[PDB]
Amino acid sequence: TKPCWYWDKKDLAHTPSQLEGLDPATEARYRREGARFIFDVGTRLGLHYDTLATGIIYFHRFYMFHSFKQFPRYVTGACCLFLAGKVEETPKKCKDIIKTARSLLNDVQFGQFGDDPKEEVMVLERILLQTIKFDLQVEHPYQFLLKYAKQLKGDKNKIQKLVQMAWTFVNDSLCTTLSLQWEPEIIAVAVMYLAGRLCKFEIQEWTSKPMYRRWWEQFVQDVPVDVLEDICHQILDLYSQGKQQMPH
């Protein structure tokens, strides 16, 4: 019926890119760069956050089946965004994505698009579709962050601070392989969990079961804290590696 789009962390040591001699740090960097390229290009074009995320999910999934050494990331990224725009009904012309790509990329980087940027992209659409097994519908943590937050009742301002902080954590998680490890529903809970810890809020009080200390179990069944902590650890690592700090 439907394909399996989730892998174990241990499995990422055997991605095509890794086995071709790329080390773990480089593939991680290449993934951040490609995702952020997709994010930055689409934001300049005025694209909805779902459209940006769908492209990034296509992108991440793609490099589970192909190596970064044989498929230039920025071309792949542009192709993902081009298709995502059609999937999410926020379409853009391929020429316009290329135009925006040149604006943000340097000459060395734009060399990936070769002599004919539009062609290199439009040609990849075939491989993209076959690679993502024509499974185009994608759900993202955003919708669950809002579906769950709507069921919280309490201080309007404390809950809005939780949502925005969690929303930021969602945008940041798009640069990672979490999209490939855990369903979006779990991601939404993890970012609520993380923001709750950081803001020193006790979310159970805002739920319909205020004496249910594992507040998330009413939103997402069968999630151990082990998972939410693994996700939080991975998100905050991005902040520690960079110069940026937690939004608070």
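Heads up: residue numbers just count along the shown sequence, starting at 1. We call the rigid core the largest set of C-alpha positions that still match within 1.5 Å between the two forms.
- With every structure aligned by its rigid core, 200-208 is the stretch of 200-208 and 56-64 whose CA positions lie farther away in 8 other deposited structures of this protein.
- Comparing 213-221 with 180-188 by root mean square Cα distance to the shown form in 8 other deposited structures of this protein, with the rigid core used for the fit, gives 213-221 as the more displaced stretch.
- Taking only CA atoms, the mean B-factor in the PDB entry is higher for 100-108 than for the other of 100-108 and 128-136.
- In this entry, 153-161 shows the higher mean Cα temperature factor of the pair 67-75 and 153-161.
- The entry assigns its greatest Cα B factor, within the set 180, 56, 199, 189, to 199.
- Sort the chain's modelled residues by C-alpha temperature factor and residue 229 lands in the middle third, per the entry.
- Sorting the modelled residues of the chain by their CA temperature factor places residue 23 in the middle third.
- When the modelled residues of the chain are ordered by their C-alpha B factor, residue 61 lands in the lowest third.
- The deposited CA B-factor of residue 235 belongs to the middle third of values across its chain.
- For residue 117, the recorded CA temperature factor ranks within the highest third of the chain's modelled residues.
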